[PDB]
Structure formats: C-alpha cells, structure tokens
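J.: File work.txt below, compact mmCIF, C-alpha atoms:
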```
# COMPACT_ATOMS: atom_id res chain seq x y z
CA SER A 1 96.05 80.91 115.19
CA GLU A 2 93.13 82.39 113.33
CA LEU A 3 95.50 84.42 111.14
CA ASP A 4 97.17 81.16 110.19
CA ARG A 5 93.69 79.70 109.78
CA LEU A 6 92.51 82.48 107.46
CA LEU A 7 95.73 82.49 105.45
CA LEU A 8 95.33 78.73 105.06
CA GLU A 9 91.96 79.42 103.44
CA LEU A 10 93.40 81.86 100.88
CA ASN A 11 95.90 79.27 99.68
CA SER B 1 105.56 109.83 104.52
CA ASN B 2 103.92 106.39 104.50
CA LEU B 3 100.65 107.53 106.02
CA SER B 4 100.56 110.43 103.56
CA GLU B 5 101.13 108.34 100.38
CA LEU B 6 98.63 105.80 101.62
CA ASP B 7 95.94 108.40 102.48
CA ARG B 8 96.43 109.77 99.01
CA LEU B 9 95.70 106.34 97.50
CA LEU B 10 92.54 106.25 99.59
CA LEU B 11 91.25 109.66 98.43
CA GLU B 12 91.75 108.48 94.85
CA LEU B 13 89.69 105.38 95.45
CA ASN B 14 86.91 107.36 97.14
CA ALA B 15 86.76 109.78 94.21
CA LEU C 1 101.19 84.27 122.55
CA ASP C 2 98.89 86.68 124.43
CA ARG C 3 96.31 88.31 122.17
CA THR C 4 95.11 90.82 124.77
CA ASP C 5 95.73 94.24 123.24
CA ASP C 6 98.10 93.57 120.37
CA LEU C 7 96.28 96.01 118.09
CA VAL C 8 98.38 94.97 115.15
CA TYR C 9 97.40 91.29 115.24
CA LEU C 10 93.74 92.22 115.11
CA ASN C 11 93.99 94.69 112.24
CA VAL C 12 95.90 92.04 110.35
CA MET C 13 93.15 89.53 110.78
CA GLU C 14 90.70 92.26 109.95
CA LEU C 15 92.52 93.07 106.70
CA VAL C 16 92.94 89.40 105.79
CA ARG C 17 89.20 88.98 106.22
CA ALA C 18 88.57 91.97 103.96
CA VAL C 19 90.67 90.42 101.21
CA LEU C 20 88.99 87.06 101.56
CA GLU C 21 85.62 88.77 101.27
CA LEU C 22 86.64 90.38 98.00
CA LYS C 23 88.11 87.02 96.83
CA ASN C 24 84.82 85.21 97.26
CA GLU C 25 82.51 88.11 96.47
CA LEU C 26 84.03 89.38 93.23
CA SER C 27 82.77 86.38 91.34
CA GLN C 28 79.23 87.69 92.02
CA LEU C 29 79.83 91.47 91.90
CA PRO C 30 78.91 94.29 89.43
CA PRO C 31 81.62 96.82 88.36
CA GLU C 32 80.58 99.55 90.79
CA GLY C 33 80.68 96.82 93.42
CA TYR C 34 84.46 96.28 93.33
CA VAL C 35 85.22 99.84 94.32
CA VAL C 36 83.65 99.34 97.74
CA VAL C 37 85.21 96.03 98.80
CA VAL C 38 88.55 97.38 97.71
CA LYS C 39 87.81 100.47 99.74
CA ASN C 40 87.14 98.11 102.66
CA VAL C 41 90.43 96.35 101.96
CA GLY C 42 91.95 99.81 101.67
CA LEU C 43 90.57 101.01 104.98
CA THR C 44 91.61 98.05 107.15
CA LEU C 45 95.12 98.72 105.87
CA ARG C 46 94.95 102.28 107.17
CA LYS C 47 94.12 101.01 110.66
CA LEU C 48 97.03 98.63 110.49
CA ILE C 49 99.75 100.98 109.21
CA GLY C 50 98.29 103.27 111.84
CA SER C 51 98.80 101.12 114.94
CA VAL C 52 102.21 100.07 113.66
CA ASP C 53 103.36 103.66 113.23
CA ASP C 54 102.66 104.17 116.96
CA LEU C 55 104.43 101.04 118.13
CA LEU C 56 107.41 102.05 116.06
CA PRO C 57 109.41 104.37 118.34
CA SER C 58 109.58 101.61 120.99
CA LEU C 59 111.62 99.22 118.83
CA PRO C 60 115.27 98.47 118.00
CA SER C 61 116.38 101.05 115.47
CA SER C 62 117.41 98.12 113.29
CA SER C 63 113.96 96.57 113.11
CA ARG C 64 112.41 100.03 113.05
CA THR C 65 113.73 100.29 109.51
CA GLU C 66 113.02 96.71 108.45
CA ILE C 67 109.38 97.47 109.21
CA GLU C 68 109.08 100.95 107.70
CA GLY C 69 110.16 99.17 104.53
CA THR C 70 107.54 96.43 104.57
CA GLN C 71 105.24 99.34 105.39
CA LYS C 72 106.05 101.29 102.23
CA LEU C 73 106.00 97.96 100.43
CA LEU C 74 102.44 97.42 101.61
CA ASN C 75 101.42 100.68 99.98
CA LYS C 76 102.91 99.64 96.63
CA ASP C 77 100.75 96.51 96.80
CA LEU C 78 97.52 98.37 97.49
CA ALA C 79 98.23 100.71 94.61
CA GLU C 80 98.71 97.73 92.31
CA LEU C 81 95.34 96.46 93.47
CA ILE C 82 93.74 99.81 92.73
CA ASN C 83 95.29 99.87 89.26
CA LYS C 84 94.25 96.27 88.58
CA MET C 85 90.80 97.33 89.77
CA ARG C 86 90.42 100.22 87.34
CA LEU C 87 91.36 97.81 84.58
CA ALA C 88 88.56 95.50 85.67
CA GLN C 89 86.05 98.35 85.35
CA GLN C 90 86.79 99.74 81.88
CA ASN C 91 87.04 96.12 80.76
CA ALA C 92 84.01 94.81 82.61
CA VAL C 93 82.16 94.08 79.40
CA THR C 94 85.01 92.87 77.19
CA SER C 95 86.60 89.49 76.49
CA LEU C 96 89.40 90.70 78.77
CA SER C 97 87.14 90.88 81.79
CA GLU C 98 88.04 87.40 83.02
CA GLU C 99 91.77 88.09 83.28
CA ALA C 100 91.74 91.48 85.03
CA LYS C 101 89.63 89.96 87.79
CA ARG C 102 92.30 87.30 88.27
CA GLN C 103 94.98 89.95 88.40
CA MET C 104 92.84 91.84 90.90
CA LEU C 105 92.71 88.74 93.08
CA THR C 106 96.42 88.08 92.75
CA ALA C 107 96.96 91.70 93.76
CA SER C 108 94.68 91.58 96.78
CA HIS C 109 96.34 88.31 97.67
CA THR C 110 99.96 89.44 97.51
CA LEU C 111 98.81 92.41 99.58
CA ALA C 112 97.55 90.03 102.25
CA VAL C 113 100.78 88.04 102.39
CA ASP C 114 102.99 91.08 102.65
CA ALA C 115 100.77 92.06 105.56
CA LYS C 116 101.61 88.84 107.41
CA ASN C 117 105.24 89.50 106.62
CA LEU C 118 104.78 92.85 108.31
CA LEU C 119 103.44 91.02 111.32
CA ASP C 120 106.40 88.73 111.82
CA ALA C 121 108.71 91.66 111.11
CA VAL C 122 107.21 93.38 114.14
CA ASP C 123 107.22 90.30 116.38
CA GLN C 124 110.93 89.67 116.00
CA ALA C 125 111.28 93.41 116.44
CA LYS C 126 109.53 93.17 119.80
CA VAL C 127 111.64 90.21 120.85
CA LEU C 128 114.84 92.21 120.44
CA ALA C 129 113.28 95.16 122.26
CA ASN C 130 112.99 92.86 125.25
CA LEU C 131 116.48 91.36 125.08
CA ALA C 132 117.65 94.90 125.81
```
Would it be possible to restate this file's structure as structure tokens?
T.:
Amino acid sequence: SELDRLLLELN
Amino acid sequence: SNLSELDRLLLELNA
Amino acid sequence: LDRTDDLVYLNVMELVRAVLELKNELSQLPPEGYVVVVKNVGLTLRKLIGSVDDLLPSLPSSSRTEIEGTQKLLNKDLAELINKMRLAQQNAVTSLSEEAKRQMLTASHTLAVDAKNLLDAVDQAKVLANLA
C-alpha cells in the first residue's frame, strides 16, 4: 500500500 | 554471479 | 497481504525511498553530494538482491529463473545510474549540466520501477510455490 503510495509520488 | 557483479559496482562507487 | 516478515517488501520500500530522496535532493546538491545518495540507492539494492537470493531456492524452478533475470536486470540499471552520475560530475559546471541530471533521474527512476517488477515477479512465484 505504501509501495504503491510511494511509486504514485514518483510518477 | 549477481551478488558479485553488483558488489563490484558498489566498490567502484565507493572509490 | 500480511506484511509481517516479508523482508523483500520492506527493502523495496526502502530502496524506493532512497530514489525519491535523490530525486528531490539532487536539485539542491553539490557534485560530491550525488555520490553519496547514489551510494545510498546502491546500498538498499544490495539488501534487496540479498534477501531475494535467500528466498530463491524455495520457489518454482520456473519463477526462480524469471526472477534471477529481473535481478541481473536490476544491476544493469544501477550501472546506468552510476555512469549517468559520473557524467553529471565532469559536466557539473558546463552547459550540459542540466541534461545529465535529468538522465540521472530517469536512470534512478527506471531502477525503481524494475524493482517493483522484481517484487511482483516474486509474489506470483510464491503463489505457485503454494499451489504445489
């Protein structure tokens, strides 16, 4: 969930 | 072999 | 999904953080500065490829390969980052400086993605290990 969250941020 | 190649890349960076 | 002791999920997040740091920091960093945050981003990768290399023998031989590949692929992406870093140093003071930084970011980025890909590649791998 946080990995998806962090990867969201990069985009 | 992976670990090796990778470690090598690290040593390079540190030097 | 239970995030109790899945070492790999943590290292991933760890790595992803390290990249993000670099992403946001580089804008405000001196040339000598890069070297460290990339070293950080380098290190977290070593912890990852570490825990994965231990989980490996307990997987379907099929996925065992699929992963070892995205493993060796991960290395190629770090190396590209290192290269794109060295560029950024010996061009820190030139009109080229602005591009190499971008390329550095792109490199760190593609490294992060291929890490997530490694994740999923292991998950599905674990799934099949259970079906057995």
J.: Skip stretch 71-83 of chain C itself and residues of its chain fewer than 3 positions away, then list as a PyMOL selection string all residues within 6 Å of it, counting all atoms listed in the file.
T.: (chain B and resi 2) or (chain C and resi 67-68+86+104+107-108+111)
J.: One decimal, in Å: what's the spacing between atom CA of residue C:120 and atom CA of residue C:59?
T.: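 Distance reported for this atom pair: 13.7 Å.
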J.: Do you know which residues lie at most 10 Å from (95.0, 83.0, 106.8), with coordinates as in the file and all atoms listed in the file counted, and could you write them as a count of residues only?
T.: 19
J.: Rounded to one decimal place, report the atom CA of residue C:53-atom CA of residue C:84 distance in Å.
T.: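 Computed distance, atom CA of residue C:53 to atom CA of residue C:84, equals 27.3 Å.
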J.: What's around stretch 3-13 of chain B at 8 Å? Count all atoms listed in the file, leave out sequence neighbours fewer than 2 positions away in its own chain, and write the answer as JSON, numbers by chain.
T.: {"B": [1, 15], "C": [35, 39, 42, 43, 46, 49, 50, 75, 79, 82]}
J.: Given 6 Å on each side, where is the centre and what are the edge lengths in Å to one decimal of the axis-aligned box enclosing the listed atoms of stretch 6-15 of chain B, as lines of an AutoDock Vina configuration file?
T.:
```
center_x = 92.7
center_y = 107.6
center_z = 98.3
size_x = 23.9
size_y = 16.4
size_z = 20.3
```
J.: Could you please determine the separation between atom CA of residue C:28 and atom CA of residue C:45 in Å, to one decimal place?
T.: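 About the pair atom CA of residue C:28 and atom CA of residue C:45: they are 23.8 Å apart.
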